[PDB]
Structures are given as structure tokens and as C-alpha cells.
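Student: Got a structure here, written out as C-alpha cells. Questions coming.
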Amino acid sequence: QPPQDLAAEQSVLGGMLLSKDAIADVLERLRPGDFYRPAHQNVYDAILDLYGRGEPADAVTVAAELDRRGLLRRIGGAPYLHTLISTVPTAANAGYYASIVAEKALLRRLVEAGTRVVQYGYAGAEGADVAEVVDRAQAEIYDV
Amino acid sequence: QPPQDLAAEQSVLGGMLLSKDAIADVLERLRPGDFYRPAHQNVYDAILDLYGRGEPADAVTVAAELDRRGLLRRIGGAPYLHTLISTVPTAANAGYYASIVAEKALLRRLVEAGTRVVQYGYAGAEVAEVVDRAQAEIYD
Amino acid sequence: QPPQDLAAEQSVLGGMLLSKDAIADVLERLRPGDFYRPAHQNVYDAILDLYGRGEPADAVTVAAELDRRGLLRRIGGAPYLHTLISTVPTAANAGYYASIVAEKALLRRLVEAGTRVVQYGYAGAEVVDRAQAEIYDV
Amino acid sequence: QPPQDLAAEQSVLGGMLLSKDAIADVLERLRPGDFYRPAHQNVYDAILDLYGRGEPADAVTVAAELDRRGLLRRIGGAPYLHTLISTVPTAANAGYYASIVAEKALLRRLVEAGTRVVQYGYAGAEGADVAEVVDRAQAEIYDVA
Amino acid sequence: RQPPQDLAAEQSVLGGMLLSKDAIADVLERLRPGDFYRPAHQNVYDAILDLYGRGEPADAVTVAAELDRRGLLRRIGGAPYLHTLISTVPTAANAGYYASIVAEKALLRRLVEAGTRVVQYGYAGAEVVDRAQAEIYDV
Amino acid sequence: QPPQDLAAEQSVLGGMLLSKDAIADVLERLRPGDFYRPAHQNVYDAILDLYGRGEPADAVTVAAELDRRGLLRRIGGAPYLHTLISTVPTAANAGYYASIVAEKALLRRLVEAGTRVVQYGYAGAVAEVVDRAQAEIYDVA
């Protein structure tokens, strides 16, 4: 089970749906890819799409952005967004929760890179010489 | 499967046991740690200890050096040393065989390093020291 | 199945009930016909009636206006009006919610248009024309 | 079942196989894709292939054009072409029957375009704005109109 | 697999030739007796050409007589089959078009026969390669 | 069974594994694809690979090269290379065996070209079809 904090992911998304100011704080710390759960990445991307267009991102506008993308039934609909809101009182701590999500994502990519390096050792790189295999494995750990 | 090449290892050793020139060509690209078979690392270490003394390293003298270390029986005795000499295609080519051993060793080091990094990632999950150590491991 | 966003409809209505400025924003984007739910169409008409006569349109006064048209029970009464007011995230965003309702209404008119061109096909230039009209009319 | 007239399709093809004047008449009215039955479209396309080349289109030359296309066995061989010819006395009425086939094709394309529009309505804005959804819908009917 | 051929086109060519002297001129430009798949058809074709070459009319009656005197009338299905040929041709003036179908099918059949010989030259074991080339380049 | 000579393929490869000089004799007579068995084509390609960068090509290096390529388990491992060597006393006849392999590869390409021609004749649809069949035999010739 890869490094993750699903509770922190829920709090981040809930905070973002409650406050525009929390979105700016989260953008500071997170990338799309940092969310372990694909549904959470979908929600995050929908929030950012609306925010980047200067449109409000709340339970209603976000559900509609998801639906336009055909993604609403995959997250579990508008009732999931309401569940996300309820994991946090207010959006005050959103940056803090985003820092947990980012730290767990670093660790998870470290684990993924490490397993990829192992895969390089056992299998090489499509017939490449060991020198190339070693350069590729070193870049894997660099890209964390 | 652990990256290794049995015949290349046997052939490096056989070439060395037959030719002092072969030892010079192998020393440049190998450490005893490069051998996957513990018997081979033992035999290699015995050859180099004698070579560092001016003592000719052939099957007989190597057997005596390994016996002295209490390692002769462990490595398969005189009969295994004989297998090594019969195996090498060409003693003059020991350098090429060595490069094969060296490459397999590198690949094995990746498996060990990668495995360590995975462990650090799980340890961190229980971060800056973790990431840095993981990078020490791979760049080494 | 029919394209619709019931939460967006509720939030348009809730915003208008909580804010006079919201009504002005929604007016530029919607027709009563855009609402899927008949109950929402009636609530909307009631707000616009109050508004057009310069009268305050809140939960209480709108209920009074619906009662007079004989529709308060039909739309779900004061409990339902309370639901609308609870549902809207932010009343000042009522225009954004209206855009959503309008977009769904357009998609729904597309389904409706396509369905009737199909019906025209199985019936019978007499039909080609009427069907042509239906989909540029969307 | 989609708007169609199989009897009128047979009569059109029979007429065309009997007379070059009938092919010309039919061409005034029909477009590629107008035949409901795939075997009938294949026969029609083979006749038009020959006619566009200034070659005659009779049972022999058409069976060979179909055979070159690997479609002769698909439709039941030259005996099928002889059956089509037997559906008509002369090729006098070929344009009349083509007008039936064309009307049914118009109506079928309307049914097909309609259901395509419905599909777009339900699967809306997948990639757009909704304007490009509406435009795809209108492009469907332009094709028909 | 069926060797490439079109038996209806073969019948129509011969039918048209029996019905029109101009058709024989048209067909002569496009065919040889060997283009016909059925031996019976080659025999009829040869008879027509022999008559034609002598300035003699070639019709159901005169062709049967030519064939009979060759000892081939019975072999080709008699005077009744000559009637089958004449009733088959959709339009005699289109003989040239039916001949192109027969010519094209004979070309395809020669490819099949040539490819088959080449395969056999492979299994028979510089001489073979030359023979195999000659087979394909003379199709 | 397609024109082939498995024994001569083994003997060619064994000769090449025994003598650098025989690699030159063989490549004088063989082209890519001449081996009937894919494993043999792999072995051959590995030998020329090592040859081209002036490395010795013996049972140890060739095996390592094939392993790099993911092809060693496919030939049966390093012991097969030892079986190939054991198939000939010395590499003296390597050119002779390569000439047999070349010949059979010619006759096999002739068989394949021929069956493709048969397929062109059945496929139909004319002047371009004839030219295709001829390009087929041009390749062999």
C-alpha cells in the first residue's frame, strides 16, 4: 500500500470548495498527479479549470464541470462533493493539508522510482548497454 | 532472477589461473565483490593476494592459499579449480569476460539500491533525510 | 436521463430568494421554460412577478404569492422553499448557476428536437422542412 | 424497421440491367448509400462503375465487376442478377421506382440524423462548449436537407 | 480453389461471334483459343476462326458442320450447346467487352499456374531461378 | 517442409564460434534472413554484432550479447552454443556449409515468392497485379 493520506486529500478538496483563498494556498504546494485517488485528481482538476477561468468553484459549479467532462458518476456525484465539504469545518487549514498530500506524494514517487530502478536491474532497457541502464535508473531517482 | 553470468565468472577465473597477463587485464575492471558466486569471490581474492606478492597464481598455489584460509573445501576443492581452467574459451580474452562480470554486478547493484530506496519511501511514510539517503544510494 | 441539473435549478431559485441583485443576474440568462421541474418554473414565475412589481421576493412573500395562485402545495410548500434557500452555495453566484441551467436546457432541447425529427421520418419536402426547422430552432 | 421499399429497389436494379437509358434516369434521382439492402448497394455501385467507364452493364459485365470486388458470392451470384431482371418487364418505370427509393432514403436519413442528434444531446459537452455540440447536430441535418 | 474463369463471359463471347461478323473482328484483337478455360469453348472458337479466315460465314449451322468434320461436334455438346451459346449472349455487339473479361481471367489463371510451377521449381532439388523467372515474365 | 538444412546451419554457426577467419568466409555467402530457424538467425546476428565492434565471438561473449538482447533463453541458453561448436571439429568447412544455407534460402524464397504469386492470381483486381507478381520474383532472382 503506497504512501498516502486520503483524509488529507479529502480535507484539501473540501477546503477548496469552501473558499477561493484556499485554492490559491493549495496551488502553492500541489500538482495534479499528487493525489493518490483518481477521483480526487478529477475533482482537483475541475476546481482548477473553473478557478483559471475566474469562475467560482463550489459544490454546484464543480459538479457541473465534472458532468461536462463525463466524470461525475466516477466520483460518486454531487453527494460526494457534499461529503468532501463535511470532512472539514472551514477552509483555514487547507495549505497545511496540502503540505501532507505533497509529502506523501514525494514518498510515493520515491517508492515508484525505487521499484522502477529494481525493474531496470532485472530487465535492462530494451537491450541497452549497462551504462545507459544506469543513467536511466539514476534519472528515475532524480525525477522524484 | 539475479543478474549474473556463471560462464563469464568461471572464464575470468580460468583465464587468470592460466595467464599472469590475464590477471593484469582483469584487475582493471573488477572488485571481488563483483562476483555473484561466493566461491568465486573467494578464489578471486586468493589470486590477487598471491599476485600482490609476486607469487604465481595457478591451480596448485591457489588451492594452498585457499586451504590456508580454511576456504578450500568451501569453494569446491581442487576439482572445482580444475573446472575453471577447462571452462575459459581463451585466456587472452579474460578482459572481455571481466566486462561481462562487471556489467552484471552493476545491474545487481541497481536491484539492491532500488530495493533500499523502496524501504526508505516506506520508512518516511512512518522526509528530507529519507529523500537524500535514497539519492546517496542510487548515485553511489 | 433528460439533460438537467436539479441542484443548479435549486441554487438559482435559492439565490434569487436571498438576493434582489441575484434576480437581475438570472433574468439575463434564463426563461421559465429552462427549468426541468414544473415546480421550479412556478417558483421562478412567482419571484419574477413580485420583482416586476417592485415587491420584495423572499421565502415568506413568495409563499404568499404562490398560495394566491393556488400553487404553494403543488411546489411543495414553505418546507420546499426552505430547501431552496438552504441549497444555494452563495447567492451572489446565482448567474453562474443560471448559465448551468441554461446549458442543460439547450442540451435538453436538442434531445427533444432529435426525437421529433425521428418521429417525422417514420411519418410520411413536407417533412424535411419541419424537421430542418426543429434543429436550427434549438 | 427503417423506411424502405425492397420491391422498388429490385425493380430499379432490374431496369438498370436492361437499359442504359434506365441507368441515366436512375442517376438523376439516386445518390450513393440510398439502397437499404447492402446487396442492392453493391449491385448499384457495380453498374455505376461500368457506366462511368463507358462499358455496358448487363448480367455478364456486372457479375464480373462484382466478382472483381469479391462481392458476387455475397449476393448469390449471377442467378440473383437474373432474378432482379425478372422483377421487371421493361426498364420503362425505372425512374418511377428510383423516386420511391429516393423518398425512402430521405426519410431513413432523417431517422438516422435525428437519433444522432439525440445521442449528442445526451452525450453533451464531452469535449466542447455546448455550441460545438449544437453545430455537430446541425451538420447532421445539413447532410440530409 | 477454383481456377480464375468466367464461364458466362466465355459463352457470351462465343454467342456474339456466332451472331455477328464484326464481333469476331472485335474478339480476335483480344483473345487466343487458349484463353478459354473449357476445352469445348476452345474448340468452338477455333472452328469460328477457321471459317472466318476463309471468308466463310460463321453461324450455328456452318460452325456445327465445321466441328462435325473435325470430329468434335459431339465433344463440345453438339448443335444444342451451340444454341445455349447464342441464347446466353446478352447483346452480340458487346462481344469485345465479354472478351476482355475472358482475357483478364486467363491472365489471372496464368499467374496461378506460373506461381504454382515456381513453387514446384523450389522443391525440385541457378537453373531453377532462371526457369522461375521465365515463368513469371512470360505470363 | 520448406527448403532448409538444419545441420548446415548448426555447422556454420559452430565454425564461426571457433574462428574469426570463418566469420569473413560466411558473411561472404549469407544475407539477413537466410537462416530458417529464428534462433539461428539470432545467434548469427549476435556474432556479427560482436564482430563489427572488433570483439571476440565465442560461447561466453555471444551468450552475453544474446542475454543483453533478451534472446538467450530463446536459443536454449549458453549450453546450446556449446552444442553448436560440438557439431564441427574445426571451422575449416564454414564457407562450404554457408553455401548450402545460402542455396536453401534461395529455394525457400522462391517457394515463398511463388505462393504469393498464386495468391495474387486468386485475389485479382490486371496490369498492376502482374507487375506485383513480377516484383516478387525480381526480389528472389
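Within each chain, counting starts at residue 1; across the C-alpha cells, chains are named A, B, ... in the order shown, with ligands numbered 1 upward in that order.
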Compile a residue-level contact table for chain A against chain F at a cut-off of 12 Å, reporting for every qualifying residue the shortest atom pair and its distance in Å to one decimal, with only C-alpha atoms counted, rows ordered by chain and ascending number, as CSV.
Tutor:
```
residue,atom,partner,partner_atom,distance
A:121,CA,F:68,CA,11.9
A:122,CA,F:68,CA,11.2
A:123,CA,F:70,CA,8.5
A:124,CA,F:68,CA,7.8
A:125,CA,F:68,CA,9.2
A:126,CA,F:69,CA,7.3
A:127,CA,F:69,CA,4.6
A:128,CA,F:68,CA,7.3
A:129,CA,F:68,CA,7.5
A:130,CA,F:68,CA,9.0
A:133,CA,F:68,CA,11.1
```
Student: Just to be explicit: take each residue in the selection above, keep C-alpha atoms, and write the result as a CSV table (one decimal), in the first residue's frame.
Tutor:
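Generated output (part_30.csv):
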```csv
chain,number,residue,atom,x,y,z
A,121,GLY,CA,18.3,-4.1,-12.7
A,122,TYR,CA,16.3,-7.3,-13.6
A,123,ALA,CA,15.4,-6.4,-17.2
A,124,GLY,CA,17.6,-3.6,-18.6
A,125,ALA,CA,16.2,-1.1,-21.1
A,126,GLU,CA,15.2,-2.8,-24.4
A,127,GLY,CA,18.7,-4.2,-25.0
A,128,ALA,CA,20.6,-1.0,-24.0
A,129,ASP,CA,24.1,-1.3,-22.6
A,130,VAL,CA,24.6,-1.2,-18.8
A,133,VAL,CA,20.6,1.4,-17.9
```
Student: Excluding same-chain residues fewer than 4 positions from stretch 14-29 of chain D, what lies within 9 Å of it counting only C-alpha atoms, as a ChimeraX atom specification?
Tutor: /D:9-10,44,47-48,51,56-59,62,81-99,101-102
Student: Keeping N, CA and C atoms, export the residues of the selection given above as a compact mmCIF listing (two decimals), in the first residue's frame.
Tutor:
```
# COMPACT_ATOMS: atom_id res chain seq x y z
N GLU D 9 -36.51 -1.23 -54.83
CA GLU D 9 -35.06 -1.41 -55.05
C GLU D 9 -34.76 -2.47 -56.12
N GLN D 10 -35.48 -3.58 -56.04
CA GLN D 10 -35.32 -4.69 -57.00
C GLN D 10 -35.66 -4.24 -58.42
N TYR D 44 -25.80 -1.84 -57.45
CA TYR D 44 -25.88 -0.48 -57.96
C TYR D 44 -24.50 0.13 -58.22
N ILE D 47 -22.84 -1.40 -61.31
CA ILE D 47 -23.43 -0.81 -62.53
C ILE D 47 -22.86 0.61 -62.79
N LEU D 48 -22.86 1.45 -61.76
CA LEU D 48 -22.33 2.80 -61.91
C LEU D 48 -20.85 2.78 -62.28
N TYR D 51 -20.82 1.98 -66.04
CA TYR D 51 -21.40 3.10 -66.76
C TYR D 51 -20.45 4.33 -66.81
N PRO D 56 -20.90 -1.32 -71.10
CA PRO D 56 -22.29 -1.71 -70.90
C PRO D 56 -22.47 -2.49 -69.60
N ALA D 57 -23.64 -2.39 -69.00
CA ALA D 57 -23.93 -3.06 -67.74
C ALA D 57 -25.08 -4.05 -67.94
N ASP D 58 -24.74 -5.29 -68.27
CA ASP D 58 -25.74 -6.33 -68.42
C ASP D 58 -25.37 -7.39 -67.39
N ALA D 59 -26.12 -8.50 -67.35
CA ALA D 59 -25.90 -9.54 -66.36
C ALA D 59 -24.46 -10.06 -66.31
N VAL D 62 -21.75 -7.06 -65.24
CA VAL D 62 -21.99 -6.69 -63.84
C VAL D 62 -21.56 -7.81 -62.87
N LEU D 81 -28.81 -11.75 -60.13
CA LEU D 81 -28.99 -10.72 -61.17
C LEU D 81 -30.11 -11.07 -62.14
N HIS D 82 -30.23 -12.35 -62.49
CA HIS D 82 -31.31 -12.81 -63.36
C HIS D 82 -32.68 -12.70 -62.68
N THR D 83 -32.74 -12.98 -61.38
CA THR D 83 -33.94 -12.75 -60.57
C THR D 83 -34.37 -11.26 -60.58
N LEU D 84 -33.42 -10.36 -60.36
CA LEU D 84 -33.68 -8.91 -60.45
C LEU D 84 -34.25 -8.47 -61.78
N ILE D 85 -33.67 -8.98 -62.87
CA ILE D 85 -34.17 -8.68 -64.20
C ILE D 85 -35.63 -9.15 -64.37
N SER D 86 -35.93 -10.34 -63.84
CA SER D 86 -37.27 -10.93 -63.85
C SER D 86 -38.33 -10.16 -63.06
N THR D 87 -37.92 -9.27 -62.16
CA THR D 87 -38.87 -8.46 -61.39
C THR D 87 -39.55 -7.39 -62.26
N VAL D 88 -38.90 -7.00 -63.35
CA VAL D 88 -39.48 -6.01 -64.26
C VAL D 88 -39.73 -6.54 -65.68
N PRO D 89 -40.85 -6.13 -66.31
CA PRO D 89 -40.99 -6.30 -67.76
C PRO D 89 -39.94 -5.46 -68.50
N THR D 90 -40.26 -4.20 -68.79
CA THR D 90 -39.29 -3.28 -69.40
C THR D 90 -38.47 -2.52 -68.34
N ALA D 91 -37.67 -1.56 -68.80
CA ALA D 91 -36.99 -0.62 -67.91
C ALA D 91 -37.70 0.75 -67.97
N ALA D 92 -38.95 0.73 -68.42
CA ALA D 92 -39.74 1.95 -68.62
C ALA D 92 -40.01 2.71 -67.32
N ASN D 93 -40.28 1.95 -66.25
CA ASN D 93 -40.65 2.53 -64.97
C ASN D 93 -39.46 2.79 -64.02
N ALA D 94 -38.23 2.58 -64.49
CA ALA D 94 -37.03 2.67 -63.62
C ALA D 94 -36.91 3.98 -62.82
N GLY D 95 -37.16 5.12 -63.47
CA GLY D 95 -37.16 6.41 -62.79
C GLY D 95 -38.25 6.55 -61.74
N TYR D 96 -39.43 6.03 -62.06
CA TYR D 96 -40.53 5.99 -61.11
C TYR D 96 -40.11 5.22 -59.84
N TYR D 97 -39.54 4.02 -60.01
CA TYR D 97 -39.12 3.24 -58.85
C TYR D 97 -37.95 3.89 -58.11
N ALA D 98 -37.05 4.56 -58.84
CA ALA D 98 -35.95 5.29 -58.23
C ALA D 98 -36.48 6.41 -57.33
N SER D 99 -37.55 7.08 -57.75
CA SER D 99 -38.14 8.14 -56.95
C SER D 99 -38.67 7.62 -55.59
N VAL D 101 -37.36 4.87 -54.05
CA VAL D 101 -36.14 4.55 -53.32
C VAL D 101 -35.52 5.82 -52.71
N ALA D 102 -35.52 6.91 -53.47
CA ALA D 102 -35.00 8.21 -53.03
C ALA D 102 -35.80 8.81 -51.86
```
Student: Show me, as an mmCIF file with C-alpha atoms, in the first residue's frame, every residue of chain F with an atom at most 8 Å from chain B, counting only C-alpha atoms.
Tutor:
```cif
data_model
loop_
_atom_site.group_PDB
_atom_site.id
_atom_site.type_symbol
_atom_site.label_atom_id
_atom_site.label_comp_id
_atom_site.auth_asym_id
_atom_site.auth_seq_id
_atom_site.Cartn_x
_atom_site.Cartn_y
_atom_site.Cartn_z
ATOM 1 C CA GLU F 55 35.202 -8.096 -30.026
ATOM 2 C CA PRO F 56 35.927 -11.873 -29.934
ATOM 3 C CA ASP F 58 32.961 -17.260 -28.584
ATOM 4 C CA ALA F 59 30.488 -19.188 -26.436
ATOM 5 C CA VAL F 60 30.917 -16.746 -23.495
ATOM 6 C CA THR F 61 30.711 -13.382 -25.295
ATOM 7 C CA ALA F 64 26.281 -12.358 -23.005
#
```
Student: Leaving out stretch 72-77 of chain A and any residue of its chain fewer than 4 positions from it, which residues lie within 9 Å of it when counting only C-alpha atoms, given as a compact mmCIF listing (two decimals) with C-alpha atoms, in the first residue's frame?
Tutor:
```
# COMPACT_ATOMS: atom_id res chain seq x y z
CA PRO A 38 -8.03 9.31 -9.42
CA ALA A 39 -11.47 10.64 -8.33
CA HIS A 40 -9.67 13.29 -6.21
CA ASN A 42 -10.62 14.71 -11.24
CA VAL A 43 -12.21 16.95 -8.56
CA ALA A 63 -20.38 19.02 -10.14
CA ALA A 64 -21.40 20.69 -13.46
CA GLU A 65 -17.76 20.96 -14.67
CA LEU A 66 -17.29 17.25 -13.82
CA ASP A 67 -20.50 16.33 -15.61
CA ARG A 68 -19.38 18.21 -18.77
CA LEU A 81 -18.77 16.72 -3.11
```
Student: Dump as a ChimeraX atom specification the residues of chain F that approach chain E to within 10 Å, counting only C-alpha atoms.
Tutor: /F:1-3,103-104,106-127,129-131,133-138,140-141
